Amino acid sequence: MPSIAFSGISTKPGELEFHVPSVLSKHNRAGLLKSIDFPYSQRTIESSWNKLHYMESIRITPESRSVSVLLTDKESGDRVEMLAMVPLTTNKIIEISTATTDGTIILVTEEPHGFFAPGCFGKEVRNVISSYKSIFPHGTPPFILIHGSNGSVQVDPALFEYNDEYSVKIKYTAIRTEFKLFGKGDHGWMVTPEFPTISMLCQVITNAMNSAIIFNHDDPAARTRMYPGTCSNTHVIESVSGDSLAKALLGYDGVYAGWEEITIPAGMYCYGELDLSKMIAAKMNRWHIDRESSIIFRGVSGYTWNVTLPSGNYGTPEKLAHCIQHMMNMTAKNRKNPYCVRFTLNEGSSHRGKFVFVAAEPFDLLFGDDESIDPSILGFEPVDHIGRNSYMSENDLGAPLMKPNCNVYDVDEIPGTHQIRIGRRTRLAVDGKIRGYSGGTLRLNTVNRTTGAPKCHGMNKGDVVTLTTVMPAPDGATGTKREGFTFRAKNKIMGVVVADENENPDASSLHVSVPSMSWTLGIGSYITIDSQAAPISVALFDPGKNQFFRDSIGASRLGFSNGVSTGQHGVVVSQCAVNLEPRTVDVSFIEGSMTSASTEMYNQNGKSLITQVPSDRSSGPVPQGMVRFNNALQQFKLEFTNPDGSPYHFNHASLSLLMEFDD
Amino acid sequence: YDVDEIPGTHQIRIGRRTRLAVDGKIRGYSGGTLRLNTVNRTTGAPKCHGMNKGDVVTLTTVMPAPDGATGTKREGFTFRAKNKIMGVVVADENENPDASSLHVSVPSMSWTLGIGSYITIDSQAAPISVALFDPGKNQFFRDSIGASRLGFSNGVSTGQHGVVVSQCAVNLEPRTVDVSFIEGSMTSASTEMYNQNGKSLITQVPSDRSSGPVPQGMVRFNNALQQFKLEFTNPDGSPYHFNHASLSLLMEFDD
Amino acid sequence: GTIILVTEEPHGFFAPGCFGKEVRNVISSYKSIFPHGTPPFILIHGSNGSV
Amino acid sequence: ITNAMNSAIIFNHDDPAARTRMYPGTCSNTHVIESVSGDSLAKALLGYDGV
Amino acid sequence: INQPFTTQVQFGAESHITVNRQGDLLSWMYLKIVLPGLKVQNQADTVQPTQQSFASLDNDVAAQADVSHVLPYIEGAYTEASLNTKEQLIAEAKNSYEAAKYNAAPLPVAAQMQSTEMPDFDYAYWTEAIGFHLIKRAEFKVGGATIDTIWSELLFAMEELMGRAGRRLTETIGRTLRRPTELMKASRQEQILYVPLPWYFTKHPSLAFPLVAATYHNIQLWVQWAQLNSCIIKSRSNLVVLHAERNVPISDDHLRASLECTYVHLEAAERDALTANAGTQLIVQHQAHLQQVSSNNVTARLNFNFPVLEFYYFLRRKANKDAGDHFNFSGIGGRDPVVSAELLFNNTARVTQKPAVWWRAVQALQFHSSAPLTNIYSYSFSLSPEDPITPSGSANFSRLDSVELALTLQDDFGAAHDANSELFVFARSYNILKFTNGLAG
């Protein structure tokens with residue numbers, strides 16, 4: 001019995017090919033595997049499985065609200081188009097007509113209101129918003145009017161009557177206690193809640209379809225499916241169309257397109273060198289700066305400037321780039337060499353891009369200085385970038401796909417259960433200094449309640465905010481006492497965050513459409529601004545369980561079940577302990593390399609194994625594996641599989657095996 | 001260079017330190033050559049500059065002292081140019097090479113007015129390339145520590161910013177030792193154990209004493225044996241180093 | 001209005017034309033070989049600094 | 001060096017092998033490489049089997 | 001009868017089917033493949049832009065590789081030239097290169113400037129002959145033993161040589177004869193392909209596989225699928241490729257396939273006779289030698305076994321493979337990659353050095369139903385290698401100590417950008433399949 005050492009270098013995950021010397025290529029030999037020198041080179045997180053997918057609440061916008069279904073009648077062959085329109089999260093009122101002889105008011109909206117589904121298949125016109133009372137959690141108001149002189153007003157959806165696609169009737173008596181003046185020229189906002197889950201959105205679309213068509217979301221599969229409901233006997237579904245919502249729900253074999261993606265760096269997270277929980281939190285909070293941080297740069301004159309970035313949520317890389325650009329140009333005072341800072345998307349990508357710093361003259365970015373901001377936020381290495389007029393980040397960063405995160409997350413492992421928890425931080429209200437009020441819009445500079453420094457607010461167009469008189473400073477506040485603007489309303493003052501086309505988007509400048517009050521008397525004074533915190537849903541799948549989430553870290557590794565996990569309070573907890581430990585590796589022959597190998601070892605799936613490599617070098621030697629070869633062997637291929645069935649990653653490590661052959 | 005193991009990935013990093021500029025006291029200027037004594041920017045003591053003939057340096061007016069500087073305030077020579085002042089480090093055949101004496105060919109300016117004053121001198125920092133090979137992979141790098149031990153691939157790894165990082169974690173742990181017969185000591189030995197290369201093994205010694213006893217190995221000898229030779233190989237195929245240690249083995253023979 | 005710059009050592013900027021090829025400026029190729037922003041050539045001793 | 005050779009001769013460095021190799025480029029049809037000489041650079045690049 | 005796979009069908013995976021016993025013999029076998037229609041969207045407009053990379057026409061790696069070979073022959077300031085001036089300089093350098101290497105007379109520059117009229121809109125398409133390219137390997141198994149193996153490259157070579165006039169597989173495999181505009185048109189909608197699997201039993205009715213005689217063996221087809229990244233070409237590098245109906249990024253689970261088998265039902269007397277005595281069938285098996293090419297001189301050591309009827313060989317440039325042109329067996333600038341070849345048995349010339357045209361055109365003219373449109377070379381030991389039932393010559397490679405195919409390739413083949421070009425050699429060999437007591441081997 002000659003023993004032969006075989007050495008191989010893996011060119012592919014999970015597969016090694018070995019050449020048998022011609023001296024041994026005789027027919028009908030048993031090979032005993034004596035030992036494997038296994039490299040244990042597979043990372044806890046590999047570049048092939050480093051994604052986590054999550055979402056907050058689903059906002060309905062003018063571009064993402066409609067699903068159309070073409071139905072064909074089975075008897076006549078006639079074609080009927082069926083449109084579901086979902087109500088907008090925020091819709092502006094453009095006119096309020098005064099009282100017909102019956103005391104009804106007509107409210108005219110900027111966009112089609114979507115409150116009434118057209119009567120179809122002999123059904124009456126259905127109020128879609130009336131169904132929100134049964135779909136949303138208890139205490140969620142189905143509908144709010146903003147701009148009442150008395151504050152925000154919850155209105156029963158059943159009090160609305162259809163007038164046309166852009167206008168609704170309501171009895172003045174239903175709203176009389178609250179309607180005392182819409183200001184001349186700003187008629188306020190219609191507000192509906194954002195959807196906590198795809199399942200709740202599918203129930204509203206089903207109701208807007210008068211249950212002629214049923215939309216169901218399967219959380220275990222992370223898939224939306226459409227079925228014929230009450231029209232199933234009379235009509236066939238021919239096709240589906242619609243806006244960005246229809247494409248998002250159905251365009252990817254029912255997988256929702258609005259999942260935010262984080263990429264975790266490949267590495268060892270089981271040995272305590274890298275903290276996976278902190279890394280997930282850092283990647284979810286990519287556009288949140290916890291503390292005031294400095295960018296250090298030097299111009300051609302040899303003068304070094306320090307630029308202090310405001311703390312808070314920038315929301316998008318473009319808002320961050322623009323803030324850096326603005327602050328660099330203000331600090332350098334030099335109109336002759338304007339610094340330009342931009343985020344640039346990669347060709348063919350909608351959401352991956354790089355930071356680019358440009359000036360007319362050469363300048364240096366001092367990112368190797370310990371007082372500088374962590375350059376990894378900007379995708380740069382922590383080294384000084386010198387002697388160029390242009391710098392582009394080495395690393396690709398992800399911009400938000402739909403809506404930037406309104407939450408900031410902590411990710412921690414629960415002591416004693418070892419369960420991962422993804423929890424939103426307590427959202428702190430911001431103080432806003434009143435800069436001006438014109439045309440129903442209040443202009444505010446947002447500041448940190450503790451320090452009084454500028455604070456990036458993370459709010460976006462169509463966000464609904466609550467306005468209060470300046471709240472007492474938090475315990476341990478170091479900032480100066482702020483003079484509060486005092487206002488009183490019967491109900492909560494709400495406002496809608498609006499874009500202003502005329503002002504540079506400083507991430508600390510906040511513009512809000514607000515009820516007509518004496519806001520001009522408050523110029524220079526402060527108010528407190530709060531916004532609602534969103535739920536979180538996390539989509540996690542083990543390898544091969546879902547075709548869209550194939551590059552996911554794995555549900556089982558993070559202690560999750562395969563599917564969508566939702567936290568209504570912005571907190572999701574794993575069902576099981578986190579398991580990042582190296583796992584056993586099943587070693588088998590690749591089918592078709594041999595017409596017949598007998599083994600005594602089988603895995604749980606009945607697959608023939610040569611051996612099982614232990615999780616680590618300390619667990620003992622690799623078990624001996626007897627293999628019988630029925631034919632003359634010139635070459636054989638070995639397959640190395642993880643217990644999840646994924647291919648083992650050799651990371652360019654070599655492997656050596658010792659086989660003893662019978663005579 | 002700083003060399004460190006990256007926390008949580010266990011990857012070795014060979015990184016250049018931030019090259020600190022040196023202050024140079026102007027001693028003299030003659031024939032386009034500026035003569036400088038180099039000093040530490042923090043302490044003001046003499047500092048060896050590491051620069052050599054043909055090095056290209058940038059000259060600036062004395063920069064502000066670093067934070068936490070303990071040295072006395074230095075009087076800076078002020079000069080202005082539209083572009084960066086560069087100079088070439090030159091040898092001076094007439095001066096003893098004190099590693100703190102720096103001679104630079106510089107543009108013709110009023111440098112003689114700066115005698116006794118200070119300027120700041122900076123030089124570009126180089127990239128690094130590291131050549132690492134496992135035993136037997138390259139005939140020239142045969143005495144290399146091994147690419148795989150340091151988490152490197154076999155070959156040249158280049159860091160354009162003077163920083164190179166290993167692809168994998170460092171693995172310095174003792175590895176298993178393959179035990180086999182030397183070919184030609186025996187006309188035929190049958191074994192049930194083979195390594196990954198198809199080489200017949202007697203046994204595989206574990207990485208350490210704590211991993212368990214050495215597996216039993218059955219060997220059949222077809223001939224009368226007066227002597228045998230054993231080969232002990234690491235998993236990389238390199239010979240095991242006994243370091244003058246003795247080894248004992250127990251064999252049971254059939255009757 | 002041309003200036004001649006005379007060097008201490010052979011400048012090596014021009015490869016001789018061979019095999020029917022024209023004389024090639026070797027330094028002109030540094031713009032495509034070196035990383036972006038590396039100057040292929042600098043003159044030192046300008047009264048205005050490096051060029 | 002390949003550009004200074006007008007691509008008549010191609011110099012390639014193989015980083016995995018840490019070896020420099022020389023090949024006939026545009027002269028491959030008309031000429032044969034007889035020998036290589038030069039200063040310390042030629043010896044440094046080619047004298048040790050391309051190491 | 002159409003039958004689903006026993007395992008999931010996906011790009012880059014292996015799938016198998018256990019063939020049902022719905023008749024007494026198995027005759028024809030087709031892989032029915034369903035490919036979705038393709039659409040494209042800009043990466044900037046996509047909510048999830050992360051997809052596998054595809055070959056793109058704005059990054060023509062094959063054209064860049066061809067330009068790299070003529071760079072030493074470009075006279076003047078190429079780097080600083082306008083685009084139209086660079087195209088002129090490349091066409092002039094091509095004349096100088098071809099004059100120096102081949103003593104070719106110069107072509108007028110205007111005749112070398114073939115604008116392929118590419119459409120001024122965004123598209124993606126399935127690669128040429130996608131029905132063959134999808135089948136990286138298929139194995140016909142009986143009782144767990146592999147009876148025969150076929151490869152994508154072999155299927156294409158077999159259709160080139162044995163494909164009869166008026167019965168070419170064009171539509172059935174998604175082949176347009178390299179007309180990109182037709183591939184684009186076809187790729188906008190769902191495609192149903194019927195790829196014939198040319199097993200020994202599909203070649204003649206008397207060779208139909210006797211299911212009744214093999215009752216105790218499972219019959220299986222195993223298929224290794226091509227990776228999705230290799231199956232698609234796009235107009236531009238920054239495009240995301242979408243499933244045209246579902247409006248989602250194209251993914252590995254969008255491959256659908258089934259097996260269409262023709263069963264034969266026999267009269268009871270013939271069925272009983274065949275069950276009692278199916279005896280032996282003469283079979284043709286396929287063997288493969290696959291080699292990387294890094295030099296203009298290549299020796300392939302053909303370790304094939306059994307009585308070999310014939311062999312095929314051809315080369316693929318790395319640049320053609322990387323461009324997604326998987327069945328482009330041409331050399332540099334579309335030339336013949338082989339200058340000459342020699343066949344040696346035990347270091348003795350069995351066929352002395354012959355030029356490429358002899359191996360490609362003369363061998364095809366003598367022994368095959370068709371001449372190949374691509375650079376496929378053949379050699380037959382058989383007078384009629386396409387006759388599945390009548391042996392007409394062979395060489396027994398199991399009795400030769402060495403069989404060497406020595407190739408002289410074109411200049412610079414396997415150099416620089418074409419390092420790791422591929423040599424394919426396929427052989428057809430006789431064996432015997434025996435049926436006894438409900439078993440086959």
# chains A, B, ... in the order shown; residues from 1 in each chain; ligands from 1

$ residues_around --residues "residue 89 of chain A" --least-positions-apart "3" --cutoff "7 Å" --atoms "only C-alpha atoms" --output "NGL selection string"
:A and (59-61 or 191-194)

$ write_last_selection --atoms "C-alpha atoms" --output "JSON list (two decimals), in the first residue's frame"
[["chain", "number", "residue", "atom", "x", "y", "z"],
["A", 59, "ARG", "CA", -44.52, 55.91, 2.37],
["A", 60, "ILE", "CA", -47.04, 56.43, -0.44],
["A", 61, "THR", "CA", -45.91, 59.18, -2.88],
["A", 191, "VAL", "CA", -52.31, 63.03, 6.05],
["A", 192, "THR", "CA", -52.62, 59.23, 6.07],
["A", 193, "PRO", "CA", -50.32, 56.87, 8.06],
["A", 194, "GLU", "CA", -47.23, 55.21, 6.49]]

$ interface_residues --of "chain D" --to "chain B" --cutoff "7 Å" --atoms "only C-alpha atoms" --output "ChimeraX atom specification"
/D:15-18

$ closest_atom_pairs --of "chain A" --to "chain B" --cutoff "6 Å" --atoms "only C-alpha atoms" --output "Markdown table"
| residue | atom | partner | partner_atom | distance |
| --- | --- | --- | --- | --- |
| A:1 | CA | B:190 | CA | 2.4 |
| A:2 | CA | B:200 | CA | 4.7 |
| A:3 | CA | B:200 | CA | 1.3 |
| A:4 | CA | B:199 | CA | 1.3 |
| A:5 | CA | B:197 | CA | 3.1 |
| A:6 | CA | B:197 | CA | 0.9 |
| A:7 | CA | B:197 | CA | 4.5 |
| A:32 | CA | B:192 | CA | 5.0 |
| A:33 | CA | B:194 | CA | 5.3 |
| A:34 | CA | B:193 | CA | 3.3 |
| A:35 | CA | B:195 | CA | 5.5 |
| A:37 | CA | B:235 | CA | 5.9 |
| A:267 | CA | B:9 | CA | 5.4 |
| A:268 | CA | B:9 | CA | 4.8 |
| A:272 | CA | B:8 | CA | 5.4 |
| A:273 | CA | B:8 | CA | 2.1 |
| A:274 | CA | B:8 | CA | 3.5 |
| A:618 | CA | B:211 | CA | 5.9 |
| A:620 | CA | B:211 | CA | 5.6 |
| A:656 | CA | B:196 | CA | 4.2 |
| A:657 | CA | B:196 | CA | 1.9 |
| A:658 | CA | B:195 | CA | 0.9 |
| A:659 | CA | B:194 | CA | 2.1 |
| A:660 | CA | B:194 | CA | 4.0 |

$ write_last_selection --atoms "N, CA and C atoms" --output "PDB file, in the first residue's frame"
ATOM      1  N   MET A   1       0.824  -1.226   0.000  1.00  0.00           N
ATOM      2  CA  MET A   1       0.000   0.000   0.000  1.00  0.00           C
ATOM      3  C   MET A   1       0.856   1.273   0.000  1.00  0.00           C
ATOM      4  N   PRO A   2       1.061   1.936  -1.151  1.00  0.00           N
ATOM      5  CA  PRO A   2       1.691   3.256  -1.194  1.00  0.00           C
ATOM      6  C   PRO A   2       0.736   4.335  -0.648  1.00  0.00           C
ATOM      7  N   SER A   3       1.233   5.212   0.231  1.00  0.00           N
ATOM      8  CA  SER A   3       0.541   6.459   0.593  1.00  0.00           C
ATOM      9  C   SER A   3       1.022   7.605  -0.292  1.00  0.00           C
ATOM     10  N   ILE A   4       0.096   8.403  -0.827  1.00  0.00           N
ATOM     11  CA  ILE A   4       0.404   9.591  -1.628  1.00  0.00           C
ATOM     12  C   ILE A   4      -0.184  10.828  -0.969  1.00  0.00           C
ATOM     13  N   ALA A   5       0.666  11.840  -0.823  1.00  0.00           N
ATOM     14  CA  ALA A   5       0.255  13.188  -0.489  1.00  0.00           C
ATOM     15  C   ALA A   5      -0.159  13.916  -1.773  1.00  0.00           C
ATOM     16  N   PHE A   6      -1.404  14.361  -1.815  1.00  0.00           N
ATOM     17  CA  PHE A   6      -1.943  15.216  -2.857  1.00  0.00           C
ATOM     18  C   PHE A   6      -2.030  16.634  -2.314  1.00  0.00           C
ATOM     19  N   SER A   7      -1.596  17.612  -3.103  1.00  0.00           N
ATOM     20  CA  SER A   7      -1.731  19.033  -2.780  1.00  0.00           C
ATOM     21  C   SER A   7      -2.522  19.728  -3.878  1.00  0.00           C
ATOM     22  N   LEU A  32      -8.005   4.769   0.961  1.00  0.00           N
ATOM     23  CA  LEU A  32      -8.292   5.211   2.316  1.00  0.00           C
ATOM     24  C   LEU A  32      -7.733   6.619   2.512  1.00  0.00           C
ATOM     25  N   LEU A  33      -8.611   7.585   2.770  1.00  0.00           N
ATOM     26  CA  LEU A  33      -8.210   8.904   3.238  1.00  0.00           C
ATOM     27  C   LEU A  33      -7.681   8.789   4.674  1.00  0.00           C
ATOM     28  N   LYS A  34      -6.383   9.047   4.852  1.00  0.00           N
ATOM     29  CA  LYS A  34      -5.700   8.974   6.152  1.00  0.00           C
ATOM     30  C   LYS A  34      -5.754  10.273   6.931  1.00  0.00           C
ATOM     31  N   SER A  35      -5.576  11.395   6.242  1.00  0.00           N
ATOM     32  CA  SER A  35      -5.546  12.715   6.864  1.00  0.00           C
ATOM     33  C   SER A  35      -5.787  13.810   5.839  1.00  0.00           C
ATOM     34  N   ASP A  37      -4.776  17.947   5.861  1.00  0.00           N
ATOM     35  CA  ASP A  37      -4.292  19.210   6.408  1.00  0.00           C
ATOM     36  C   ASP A  37      -5.209  20.326   5.902  1.00  0.00           C
ATOM     37  N   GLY A 267     -14.675  39.066   6.884  1.00  0.00           N
ATOM     38  CA  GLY A 267     -13.763  38.972   8.025  1.00  0.00           C
ATOM     39  C   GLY A 267     -14.151  37.933   9.071  1.00  0.00           C
ATOM     40  N   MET A 268     -13.289  37.799  10.082  1.00  0.00           N
ATOM     41  CA  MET A 268     -13.507  36.937  11.246  1.00  0.00           C
ATOM     42  C   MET A 268     -14.223  37.727  12.338  1.00  0.00           C
ATOM     43  N   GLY A 272     -13.609  37.922  18.416  1.00  0.00           N
ATOM     44  CA  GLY A 272     -13.656  39.161  19.204  1.00  0.00           C
ATOM     45  C   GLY A 272     -12.815  40.325  18.660  1.00  0.00           C
ATOM     46  N   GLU A 273     -12.027  40.127  17.598  1.00  0.00           N
ATOM     47  CA  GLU A 273     -11.311  41.213  16.903  1.00  0.00           C
ATOM     48  C   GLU A 273     -12.277  42.174  16.201  1.00  0.00           C
ATOM     49  N   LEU A 274     -13.317  41.620  15.574  1.00  0.00           N
ATOM     50  CA  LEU A 274     -14.378  42.366  14.912  1.00  0.00           C
ATOM     51  C   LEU A 274     -15.708  42.092  15.607  1.00  0.00           C
ATOM     52  N   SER A 618      -8.637  22.257  16.925  1.00  0.00           N
ATOM     53  CA  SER A 618      -8.569  21.800  18.315  1.00  0.00           C
ATOM     54  C   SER A 618      -9.549  20.664  18.627  1.00  0.00           C
ATOM     55  N   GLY A 620      -9.929  17.934  17.145  1.00  0.00           N
ATOM     56  CA  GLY A 620      -9.287  16.652  16.867  1.00  0.00           C
ATOM     57  C   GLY A 620      -8.909  16.459  15.397  1.00  0.00           C
ATOM     58  N   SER A 656      -3.774  19.972   1.573  1.00  0.00           N
ATOM     59  CA  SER A 656      -3.071  18.707   1.343  1.00  0.00           C
ATOM     60  C   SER A 656      -3.842  17.542   1.953  1.00  0.00           C
ATOM     61  N   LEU A 657      -3.956  16.438   1.221  1.00  0.00           N
ATOM     62  CA  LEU A 657      -4.578  15.207   1.696  1.00  0.00           C
ATOM     63  C   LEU A 657      -3.656  14.011   1.480  1.00  0.00           C
ATOM     64  N   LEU A 658      -3.682  13.067   2.415  1.00  0.00           N
ATOM     65  CA  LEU A 658      -2.924  11.824   2.347  1.00  0.00           C
ATOM     66  C   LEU A 658      -3.897  10.674   2.097  1.00  0.00           C
ATOM     67  N   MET A 659      -3.715   9.952   0.990  1.00  0.00           N
ATOM     68  CA  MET A 659      -4.473   8.731   0.711  1.00  0.00           C
ATOM     69  C   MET A 659      -3.553   7.524   0.610  1.00  0.00           C
ATOM     70  N   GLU A 660      -3.960   6.434   1.243  1.00  0.00           N
ATOM     71  CA  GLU A 660      -3.351   5.112   1.117  1.00  0.00           C
ATOM     72  C   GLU A 660      -4.170   4.285   0.121  1.00  0.00           C
TER      73      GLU A 660
END

$ closest_residue --among "E:332, E:107, E:233, E:195" --to "residue 319 of chain E" --atoms "only C-alpha atoms"
E:332

$ residues_around --residues "residue 47 of chain C" --least-positions-apart "3" --cutoff "8 Å" --atoms "only C-alpha atoms" --output "JSON, numbers by chain"
{"B": [81, 107, 108, 109]}

$ residues_around --residues "residue 29 of chain E" --least-positions-apart "6" --cutoff "6 Å" --atoms "only C-alpha atoms" --output "list in words"
residues 197, 260 and 261 of chain E

$ residues_around --residues "residue 550 of chain A" --least-positions-apart "5" --cutoff "9 Å" --atoms "only C-alpha atoms" --output "number ranges by chain"
A: 48-49, 51, 541-545

$ interface_residues --of "chain D" --to "chain C" --cutoff "8 Å" --atoms "only C-alpha atoms" --output "ChimeraX atom specification"
/D:3-6,27

$ residues_around --residues "residue 157 of chain A" --least-positions-apart "5" --cutoff "12 Å" --atoms "only C-alpha atoms" --output "list in words"
residues 87, 115, 116, 126, 127, 128, 129, 130, 131, 132, 133, 141, 142, 143, 144, 145, 162, 168, 169, 170, 174, 190, 191 and 192 of chain A

$ residues_around --residues "residue 62 of chain B" --least-positions-apart "6" --cutoff "9 Å" --atoms "only C-alpha atoms" --output "NGL selection string"
:B and (23-24 or 74-78 or 117-121)

$ interface_residues --of "chain C" --to "chain B" --cutoff "12 Å" --atoms "only C-alpha atoms" --output "list in words"
residues 34, 35, 38, 42, 43, 44, 45, 46, 47, 48, 49, 50 and 51 of chain C

$ write_last_selection --atoms "C-alpha atoms" --output "PDB file, in the first residue's frame"
ATOM      1  CA  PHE C  34       1.616  56.218 -13.370  1.00  0.00           C
ATOM      2  CA  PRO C  35      -1.373  56.764 -11.008  1.00  0.00           C
ATOM      3  CA  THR C  38       1.493  61.904 -10.584  1.00  0.00           C
ATOM      4  CA  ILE C  42       8.991  68.627 -12.973  1.00  0.00           C
ATOM      5  CA  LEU C  43      11.535  71.439 -13.427  1.00  0.00           C
ATOM      6  CA  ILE C  44      13.122  72.663 -10.166  1.00  0.00           C
ATOM      7  CA  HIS C  45      14.809  76.148  -9.724  1.00  0.00           C
ATOM      8  CA  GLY C  46      12.144  78.381 -11.306  1.00  0.00           C
ATOM      9  CA  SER C  47      12.106  81.794  -9.509  1.00  0.00           C
ATOM     10  CA  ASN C  48       8.355  81.088  -9.023  1.00  0.00           C
ATOM     11  CA  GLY C  49       9.004  77.560  -7.563  1.00  0.00           C
ATOM     12  CA  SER C  50       8.734  74.092  -9.169  1.00  0.00           C
ATOM     13  CA  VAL C  51       7.096  73.766 -12.622  1.00  0.00           C
TER      14      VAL C  51
END

$ select_by_dssp --residues "segment 420-509 of chain A" --states "strand (DSSP E)" --output "VMD selection string"
chain A and resid 420 to 424 430 to 438 441 to 447 455 to 457 464 to 469 493 to 497 509

$ closest_residue --among "A:623, A:265, A:302, A:251" --to "chain E" --atoms "only C-alpha atoms"
A:251

$ interface_residues --of "chain D" --to "chain E" --cutoff "6 Å" --atoms "only C-alpha atoms" --output "PDB file with N, CA and C atoms, in the first residue's frame"
ATOM      1  N   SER D   7       8.100  49.078 -28.140  1.00  0.00           N
ATOM      2  CA  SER D   7       7.355  47.812 -28.181  1.00  0.00           C
ATOM      3  C   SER D   7       7.909  46.777 -29.173  1.00  0.00           C
ATOM      4  N   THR D  26       6.936  43.779 -31.513  1.00  0.00           N
ATOM      5  CA  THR D  26       6.736  44.090 -32.940  1.00  0.00           C
ATOM      6  C   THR D  26       7.872  43.623 -33.853  1.00  0.00           C
ATOM      7  N   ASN D  29       8.559  38.937 -35.960  1.00  0.00           N
ATOM      8  CA  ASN D  29       8.580  38.344 -37.294  1.00  0.00           C
ATOM      9  C   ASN D  29       9.917  38.544 -38.011  1.00  0.00           C
TER      10      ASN D  29
END

$ closest_residue --among "C:2, C:41, C:7, C:36" --to "chain A" --atoms "only C-alpha atoms"
C:36

$ closest_residue --among "A:77, A:476, A:415, A:643" --to "residue 556 of chain A" --atoms "only C-alpha atoms"
A:643

$ select_by_dssp --residues "chain D" --states "helix (DSSP H, G or I)" --output "number ranges by chain"
D: 40-46

$ write_last_selection --atoms "C-alpha atoms" --output "tab-separated table (two decimals), in the first residue's frame"
chain	number	residue	atom	x	y	z
D	40	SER	CA	22.89	47.50	-13.00
D	41	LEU	CA	19.17	47.81	-14.02
D	42	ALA	CA	19.40	45.09	-16.71
D	43	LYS	CA	21.27	42.83	-14.22
D	44	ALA	CA	18.75	43.64	-11.46
D	45	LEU	CA	15.68	42.87	-13.66
D	46	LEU	CA	16.95	39.83	-15.65

$ interface_residues --of "chain A" --to "chain E" --cutoff "6 Å" --atoms "only C-alpha atoms" --output "PyMOL selection string"
chain A and resi 251-252+347-350+401+595
